[PDB]
Amino acid sequence: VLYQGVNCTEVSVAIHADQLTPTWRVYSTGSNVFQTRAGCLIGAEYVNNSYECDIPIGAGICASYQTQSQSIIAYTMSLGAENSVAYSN
Amino acid sequence: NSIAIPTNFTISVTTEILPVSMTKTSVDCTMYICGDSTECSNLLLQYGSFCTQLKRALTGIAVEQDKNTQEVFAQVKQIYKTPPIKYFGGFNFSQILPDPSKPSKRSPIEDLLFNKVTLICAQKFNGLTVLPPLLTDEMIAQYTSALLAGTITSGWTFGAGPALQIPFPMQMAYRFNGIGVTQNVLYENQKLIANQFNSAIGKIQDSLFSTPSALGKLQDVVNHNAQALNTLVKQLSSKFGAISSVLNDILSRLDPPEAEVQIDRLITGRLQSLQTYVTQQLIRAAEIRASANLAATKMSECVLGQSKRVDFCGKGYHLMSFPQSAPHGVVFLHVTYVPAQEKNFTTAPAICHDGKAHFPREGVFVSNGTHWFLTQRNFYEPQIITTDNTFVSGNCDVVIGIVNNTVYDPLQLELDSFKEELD
Amino acid sequence: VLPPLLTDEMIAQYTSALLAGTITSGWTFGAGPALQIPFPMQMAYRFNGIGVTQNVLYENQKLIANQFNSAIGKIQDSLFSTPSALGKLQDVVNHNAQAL
Amino acid sequence: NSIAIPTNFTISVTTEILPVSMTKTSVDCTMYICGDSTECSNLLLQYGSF
Amino acid sequence: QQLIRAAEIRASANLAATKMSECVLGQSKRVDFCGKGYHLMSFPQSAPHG
Amino acid sequence: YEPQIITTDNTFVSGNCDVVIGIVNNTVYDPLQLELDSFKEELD
Ligand SMILES: *[C@@H]1O[C@H](CO)[C@@H](O[C@@H]2O[C@H](CO)[C@@H](O[C@@H]3O[C@H](CO)[C@@H](O)[C@H](O)[C@@H]3O)[C@H](O)[C@H]2NC(C)=O)[C@H](O)[C@H]1NC(C)=O
Ligand SMILES: *[C@@H]1O[C@H](CO)[C@@H](O[C@@H]2O[C@H](CO)[C@@H](O[C@@H]3O[C@H](CO)[C@@H](O)[C@H](O)[C@@H]3O)[C@H](O)[C@H]2NC(C)=O)[C@H](O)[C@H]1NC(C)=O
Ligand SMILES: *[C@@H]1O[C@H](CO)[C@@H](O[C@@H]2O[C@H](CO)[C@@H](O[C@@H]3O[C@H](CO)[C@@H](O)[C@H](O)[C@@H]3O)[C@H](O)[C@H]2NC(C)=O)[C@H](O)[C@H]1NC(C)=O
Ligand SMILES: *[C@@H]1O[C@H](CO)[C@@H](O[C@@H]2O[C@H](CO)[C@@H](O)[C@H](O)[C@H]2NC(C)=O)[C@H](O)[C@H]1NC(C)=O
Ligand SMILES: *[C@@H]1O[C@H](CO)[C@@H](O[C@@H]2O[C@H](CO)[C@@H](O)[C@H](O)[C@H]2NC(C)=O)[C@H](O)[C@H]1NC(C)=O
Ligand SMILES: *[C@@H]1O[C@H](CO)[C@@H](O[C@@H]2O[C@H](CO)[C@@H](O)[C@H](O)[C@H]2NC(C)=O)[C@H](O)[C@H]1NC(C)=O
Ligand SMILES: *[C@@H]1O[C@H](CO)[C@@H](O)[C@H](O)[C@H]1NC(C)=O
């Protein structure tokens, strides 16, 4: 679940105070709360490895379901493989 | 019988600025109209699925804006890098290549473009929110950098498949052949061409820096979306015939039977305002999509290749183009060959020699008033008219305006310088 | 209704300039300074452009000029005699008049 | 092994017609809706900046 | 409705300008872009609203 | 890739071996001068 336009601190505080209008709660355990520019993403583990974009999140961040059992992960998308061309005179 | 032929040329760089994407907005229909009032929400439900349609229209626009950005910039399979030593025949590309010393790794020109055009905005945050682009400014800059590295190090082979390295001056020589100018024109004047290129790029940087309106198209896109949202928010203060523009005051003062009437008046006005906003956004989205499609076409035909479409890739004969990123859009620098310093020569459609009509294979016959020469059409370079440069078809009679001149045959001349006397 | 910024005479002047440029300087006009070229040689270049050699034009120059003149006369007669030839523009006018 | 090759040619002129501009209109919103009535204009102001 | 028609006319005008540049100010190799047949040249003529 | 022998039929000549940057030394073959040799160089 992505809470758009909010800080993760504000969401976590609202969860602890039982202030959020939707009454369902995502487990929101350690390593599943990640701050993006789009908003606070809860329920996906952010990894450093880049992958091709699958489900867009925003601001460079995409999420996908991947085996690492399986889970939903978030990552900065890869733009492509690197190719250094052997330019010479 | 008069033809003008250029004797010099200018390398010119022009700038074309195109919008690619809009600010992506999202509207919470119920809060905008009813603002957290339960009574209003219950009345709003009687108008059917208008909020649902409005949400899909804005979602579709947001998706299209990301599609437009990807279609314009993500045209390269791989991210190409320039060599550690940025020497390209004397062509200085530092103004259009990433500057490693600055954050974001943008070129000097991209940084200028980003500074001239102007993530929680407190203003207008009354249910109207803005979604970030899917690609960040750094990712767009990376695509632009890859496109520039590909073009600079591998020319036109990059767009059609694997990137094949070629020395830059030879890429330019090919491009010169592409515009009907021989390779030796570039190689004899390579220093002049590189100096004119560098001057033109410096002029681009100064032109963009000093002209407040250079990027008006992108500022206009930003201004239209900001104005559309200011109008949509401003409409909340209107009464539309209601006793008050504030929903909480209507509920605070009146009993349900009267509040429903005043609320329905506010719902009608606010819902009509949202439909007006969405319709205008759909029209603007269509205009931006058309612009993005043009920008993607230009990216493919001007940057990933050499175009022969007149005025498509700037004024003059197209040589090459370089993309630069800009907020909500793309700026293309189009490098063209412009003829200069023409001279007026006498011409003829054919030369008559031994009773046969000789026509140019690749060129035009010219005269300086005493001697006939064959020259290429786009650059004065007189050659001796010979049986290798011309072809023969017909007699010296049908062609109108044929003139008498000697056509030299090397082999008959050679046969003389070998055994004419036998001993 | 607001008048157009360019008058019909100004548009005609732009069209005239475009025609004079094309007729007297060919394709050199669009890319930079206008360079005069004899018209039959402009056509010979254009013939090379379509994969036909220059001598085809020069051997048949009179035939080509006559066919051109005939085709233009046919254009004038076609437009004069066909009531629907310009329907796209009449449709634009009719849609705006109907809207008002 | 059969190829057809033109032995003659025709110079053809065709006509393409494209719209470029519309009649440019302007609407005085208040007169259209209220036609010089002050009472209507004062009621029209309650609908905001339409 | 006027905004929609304006968008359609703009698209037409953009096509007309493209054709002006590629058919009148040059020789096009785009099939059927500048009429049927192999393109040699084009001549513009003015018309009301187009 | 289709290597051909560099000859006076495949190339054109313009200028001296000085202005062009990066010019390299190689033989350019001329069939007619070679042919003239295989016809009457010795006369008899
Ligand atoms: C390729 O061009 C760039 C410029 O486009 C050359 O880099 C340096 O450019 C600056 C101007 O931006 C040159 O002038 C400097 O201006 C600053 C202004 O504050 C001044 O403080 C400096 O003292 C200087 O005058 C600078 O001279 C120039 N660098 C050099 C070494 O000349 C770049 O060098 C060019 N590259 C090649 C390979 O020629
Ligand atoms: C073709 O046109 C180019 C310019 O578009 C000509 O190159 C320019 O030639 C002039 C000399 O006539 C150069 O001016 C001189 O520059 C030196 C620089 O130190 C200065 O000391 C002299 O007093 C004078 O101003 C000019 O720099 C040069 N421009 C470039 C970009 O290289 C070229 O000569 C023309 N060629 C023909 C065949 O007409
Ligand atoms: C290629 O086609 C063109 C026409 O597209 C041929 O030119 C035409 O040739 C005919 C003769 O076969 C000409 O007709 C004659 O015209 C005179 C005019 O005074 C008339 O008195 C005769 O009774 C007869 O009708 C026709 O005018 C001429 N058309 C043009 C436009 O010049 C050409 O001969 C053909 N060439 C080949 C190689 O087949
Ligand atoms: C036309 O061009 C020819 C060739 O360059 C000129 O004749 C040559 O002129 C040079 C001096 O500039 C002499 O050294 C050559 O011997 C001349 N060649 C021949 C074949 O006579 C000619 O003078 C030019 N004429 C005009 C009017 O510009
Ligand atoms: C080119 O040279 C030919 C001769 O080689 C000229 O042809 C002669 O022209 C005169 C009239 O000018 C006639 O009386 C002769 O009978 C023609 N002779 C031949 C063999 O055809 C021709 O006129 C010259 N053309 C130009 C343009 O000067
Ligand atoms: C190509 O060959 C020429 C000779 O035919 C070389 O020119 C000589 O170069 C040396 C220095 O390398 C000079 O001292 C001589 O005076 C030059 N002679 C002539 C006749 O020009 C040339 O350097 C060779 N080029 C390459 C790239 O090897
Ligand atoms: C969220 O709040 C913390 C409070 O310390 C702040 O440091 C952080 O920058 C904020 N993040 C965003 C994305 O606003």
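Cut-offs and rules
- Numbers attached to residues count from 1 within each chain as its sequence is written and can disagree with those in the entry; no residue without coordinates is shown.
- Lettering of chains starts at A and numbering of ligands starts at 1, both following the order in which they are written.
- Scope of values: limited to the chains shown, which are part of a larger assembly.
- Side-chain figures throughout are based on the complete set of non-hydrogen atoms in the structure, without hydrogens or water.
- Secondary structure elements follow DSSP: runs of H or I no shorter than four residues count as helices, runs of E no shorter than two count as strands, and numbering proceeds from the N terminus.
- Every radius of gyration here is taken over C-alpha atoms, with the globule rule written as 2.2 Å times N^0.38, N being the number of residues.
- Residue exposure (1.4 Å probe, protein chains only): buried if accessible area is under 20% of the type maximum, exposed if over 50%, otherwise partly exposed.
- What sets the accessible areas is the Shrake-Rupley method with a 1.4 Å probe; for residues, cover comes only from the shown protein chains.
- We call a pair of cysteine sulfur atoms a disulfide whenever their separation is within 2.5 Å.
- UniProt positions are given in the numbering used here, feature names are shortened, and annotations may be inferred rather than shown by experiment.
- Distances are taken per atom, and a residue is near a molecule or strand as soon as one of its heavy atoms is within 4 Å of it.
- Any pair of N or O atoms that falls within 3.5 Å is considered a polar contact. Within protein, one atom must be able to donate a hydrogen and the other to accept it, and sequence-neighbouring residues count only if both atoms are side-chain atoms.
- Note on contacts: a residue pair is in contact if any heavy atoms of the two residues lie within 4.5 Å.
- A simple way to read buried area is as the amount of 1.4 Å-probe accessible surface that goes missing from two parts once joined, with both sides added.
- For this document, the term salt bridge refers to a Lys or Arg side-chain nitrogen within 4 Å of an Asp or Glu carboxyl oxygen.
- Just so you know the grouping, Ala, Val, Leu, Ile, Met, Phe, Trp, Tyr, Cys and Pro go in nonpolar, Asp, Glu, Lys and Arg go in charged, and all remaining residues, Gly too, go in polar.
- Note on definitions: the grid is 1 Å and covers protein atoms alone; a cavity is a set of points where a 1.4 Å probe fits but cannot get out; a pocket is an open set with protein on both sides within 12 Å along at least five of seven lines; lining residues have an atom within 4 Å of a point.
- Grid points are joined across faces, edges and corners, and a volume is the space filled by probe spheres set on the points.
- Put simply, a patch holds well-exposed residues, over 30% relative accessible area, that have no salt bridge, with like charges counted together within 9 Å and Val, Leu, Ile, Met, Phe, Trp or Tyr side chains within 5 Å.
- In this tally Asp and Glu are treated as negative and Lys and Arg as positive; neither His nor the chain ends contributes.
- Charge coordinates come from a single atom per side chain, which is NZ of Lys, CZ of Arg, CG of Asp or CD of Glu.
- Note on pairing: DSSP must find at least two bridges between two strands before they are called paired.

### Examining the overall build of chain D
Alright, step 1. Per the secondary structure count, chain D includes two helices and zero strands.
Alright, step 2. Computed over the C-alpha atoms, the radius of gyration of chain D is 30 Å, more than 25% above the 10 Å expected from 2.2 N^0.38 for a compact globule of 50 residues.
Alright, step 3. When the backbone C-alpha atoms are referred to their principal axes, chain D occupies close to 85 × 25 × 10 Å.
Alright, step 4. When the 50 residues of chain D are sorted by exposure, 14% land in the buried category.
Alright, step 5. Split by element, the accessible area of chain D, about 4,100 Å² in all, is 55% carbon and sulfur.

### A look at the UniProt feature "disulfide bond" in chain D
Residues and elements named next belong to chain D.
Alright, step 1. Judged by the under 2.5 Å criterion, the sulfur atoms of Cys34 and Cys40, which UniProt pairs in a disulfide, are close enough at 2.0 Å to be bonded in these coordinates.
Alright, step 2. A relative accessible area of 8% places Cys34 in the buried class.
Alright, step 3. You can call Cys40 partly exposed: its relative accessible area is 23%.

### Examining the site of ligand 3
Alright, step 1. In the vicinity of ligand 3, the residues found are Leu63(C), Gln67(C) and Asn8(D).
Alright, step 2. Each of chains C and D places residues next to ligand 3.
Alright, step 3. Between ligand 3 and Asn8(D) there is a distance of 2.3 Å, counted from an oxygen atom to a side-chain nitrogen or oxygen.
Alright, step 4. Starting from 770 Å² of accessible surface for ligand 3 in isolation, the protein chains cover 21%.

### Remarks on the state of the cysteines
Alright, step 1. Tallied over the entire structure, the rule returns eight disulfides over all chains.
Alright, step 2. Note on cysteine connectivity: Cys8(A) is disulfide-linked to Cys40(A), with sulfurs 2.0 Å apart. The chirality of the disulfide connecting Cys8(A) with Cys40(A) is right-handed, given an S-S dihedral of about 105 degrees. Remark: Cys40(A) occurs in strand 3 (residues 39–42) and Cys8(A) occurs in helix 1 (residues 8–16); sequence separation between them is 32 residues. For the pair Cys8(A) and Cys40(A), one class covers both residues: buried.
Alright, step 3. Across the disulfide from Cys29(B) sits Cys51(B); the S-S distance is 2.0 Å.

### As for the interface of chain A and chain B
Alright, step 1. Facing the 23 residues of chain A at the interface are 28 residues of chain B.
Alright, step 2. Where chain A abuts chain B, roughly 2,100 Å² becomes buried across the two surfaces, and 64% of that area is made up of carbon and sulfur atoms.
Alright, step 3. When residues of chain A are sorted by the area they lose upon contact with chain B, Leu79(A), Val85(A) and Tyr87(A) head the list and together hold 38% of the total.
Alright, step 4. Summed over the shared surface of chain A and chain B, the result is zero salt bridges.
Alright, step 5. The tally of links from chain A across to chain B stands at seven residue pairs in polar contact.
Alright, step 6. At the level of elements, strand 5 (55–58), strand 6 (61–67) and strand 8 (81–84) of chain A are the ones that each hand at least two residues to the side of chain A that touches chain B.
Alright, step 7. Broken down by class, the residue content of the side of chain A that touches chain B amounts to 12 nonpolar, nine polar and two charged.

### Regarding the environment of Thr22(C)
Alright, step 1. By the secondary structure assignment, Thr22(C) is in helix 1 (residues 8–25).
Alright, step 2. Residue classification places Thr22(C) among the buried positions, given a relative accessible area of 1%.
Alright, step 3. Spatially, the C-alpha atom of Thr22(C) lies 9.7 Å from that of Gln36(C), the residues being 14 residues apart in sequence.
Alright, step 4. When sequence neighbours within four positions are dropped, the list of residues in contact with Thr22(C) reads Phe29(C), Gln42(C), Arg46(C), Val24(E), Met41(E), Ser42(E) and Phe43(E).

### Here we look at empty space enclosed by the protein
Residue and element names in this part refer to chain B.
Alright, step 1. Of the pockets and cavities examined, the largest cavity occupies roughly 110 Å³.
Alright, step 2. Approximately 40 Å³ is the volume attributed to the second largest cavity.
Alright, step 3. In terms of lining residues, the second largest cavity is bounded by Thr23, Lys24, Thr25, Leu58, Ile61, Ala62 and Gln281.
Alright, step 4. Among the secondary structure elements, those contributing two or more residues to the lining of the second largest cavity are strand 2 (24–27) and helix 3 (50–73).
Alright, step 5. Counting residues per element, the lining of the second largest cavity draws most heavily on helix 3, at three residues.

### With respect to a negative patch on the surface
Alright, step 1. A contiguous patch of negative charge on the surface is contributed by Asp416(B), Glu420(B), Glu421(B), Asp423(B), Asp37(F), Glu41(F), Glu42(F) and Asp44(F).
Alright, step 2. Taking the relative accessible area as the measure of exposure, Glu41(F) reaches 56% and is therefore exposed.

### What to know about the arrangement of the chains
Alright, step 1. Looking at the eight pairs of chains with contacts, the pair that accumulates the most is chains A and B.
Alright, step 2. Nowhere do chain A and chain F come into contact; their C-alpha atoms are at least 9 Å apart.

### Side note on the sheet that holds strand 7 (residues 70–76) of chain A
To summarise the sheet geometry, strands pair through backbone hydrogen bonds and adopt either a parallel or an antiparallel arrangement.
Residue and element names in this part refer to chain A.
Alright, step 1. Ordered in space as 4-7-6-5, the four strands form an open sheet in which the pairing is mixed. Each having just a single partner strand, strand 4 (45–46) and strand 5 make up the two edges of the open sheet.
Alright, step 2. As paired strands, strand 5 and strand 6 are joined by three bridges and run antiparallel to one another. Bridge pairing in strand 6 places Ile55 opposite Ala63.

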